[PDB]
Every structure is written in structure tokens, then in C-alpha cells.
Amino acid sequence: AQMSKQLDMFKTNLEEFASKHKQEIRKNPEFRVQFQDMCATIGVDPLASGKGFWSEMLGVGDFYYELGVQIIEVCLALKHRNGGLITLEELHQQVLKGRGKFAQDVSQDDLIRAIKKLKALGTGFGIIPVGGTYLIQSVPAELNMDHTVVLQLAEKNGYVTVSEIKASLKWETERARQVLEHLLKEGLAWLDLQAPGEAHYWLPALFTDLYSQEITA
């Protein structure tokens, strides 16, 4: 019953802050990041519940939670193309596309924040480090150290080759083969028998198409 009082004092503190700076947590990206960074060092989670103060007051939760649904939709509308694996970049363009060219600006940073909370839902979303950036995974599937590595090799060209694998990894043909077999079995790659020196294995998640995302929704 102690802090009970001090709590509705904090409401006021926040409410006052809220009306003076709501739009700033929209106009300004480094601002939301700054905000969220501060909450962390303390030990408060402004996105843990829509029934939290920062949420109701700052419209931060409904920002992130709507963002989350939007991440889910685009990943669904493209699962058929890329097996459920998508670059944080493609994922960022499409989210903007969906959000209209009349503002609301979102950053890769936000996308992450949202994705890390969607994990609360259980198995489905994952973040994977490739090269400079990340791949966002939305259908649960495996991701050995071995699979990831080969993912990395495919970054630059969108495809990968048994030779290319062996040459950098120093593996033996078998290890390469199962890895590639796993990717084809999970829909993450497609065999190509018309490239120059051998079978190329293209991963649509790498490989820049993106051209119109319609009807499969």
C-alpha cells in the first residue's frame, strides 16, 4: 500500500511527459531507441504488456504490437516464395510498402524489437546472423552451425555450389550434400542444373527479386 500512492504520481509524471512528447516517439527513431535503451538499464519492459503505463501513455505498445502483426503477414504472404526465410532488408521494404507512402517510418531496429517479442509466442520466429545483417525466420526449421555457414556463403550471389562449399569450408562431399539436401527438403533452396560448371543451389531469400507481392495473402 506504500508505493500505491507514488504509483499514480508516476502516472501524472508520465501523462505530462506523454502530452509534451507523444509525436516525438513517431517523428524520431533514435528517440524510441533512446527511450527503450533507458528502460532496459533500469529493468523495465515497455513492451511486455499493453496494459503497462508506457504502453497506454506513450502508444509504444500498440506501435510495436501492430508492427508484429505486420511482420507476421508479410512473412506469410511470401512463405511460398522463400520457404519462410527472409532478409531483414526485403522484410523492411515490404513492411513500408504495406504501411503506405503517407508516412509512418519504421527502421530495421524496430523490426528486430518486434521480432524478439514475437518469440514469446513460442516456436516460429528466429533471428539469424548472416554476413553484415540478419535473416528473419518465420516457419520453424533447423539451423545447424552447418546450415548457417552455408547460408553465409550464399549471401553474395544468392546461390551456392558443392565446390564453393568444399573450397572454403574444407568439408568432404558428404557433409556438403546433406546440408544442401536439408535446405531443399525445407523449401529453402532450389536446384539449378543449367549453370556453368555444376549444380547451383539458389536460396530465394537471398537473390533479389521482390517484384509485386500480390494475391497470395
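Residue indices: 1-based, along the sequence shown.
- Annotation for 73-81 versus 100-108: the higher mean temperature factor (C-alpha) is found in 100-108.
- The mean Cα B-factor in the deposited entry runs higher for 35-43 than for the other of 146-154 and 35-43.
- When the modelled residues of the chain are ordered by C-alpha B-factor, residue 28 sits in the highest third.
- In this PDB entry, residue 205 carries a Cα temperature factor that places it within the lowest third of its chain's modelled residues.
- Sorting the modelled residues of the chain by their CA temperature factor places residue 191 in the lowest third.
- In the PDB entry, residue 160 places in the lowest third of its chain by CA B-factor.
- Compared with the other modelled residues of the chain, the Cα B-factor recorded for residue 183 ranks in the lowest third.
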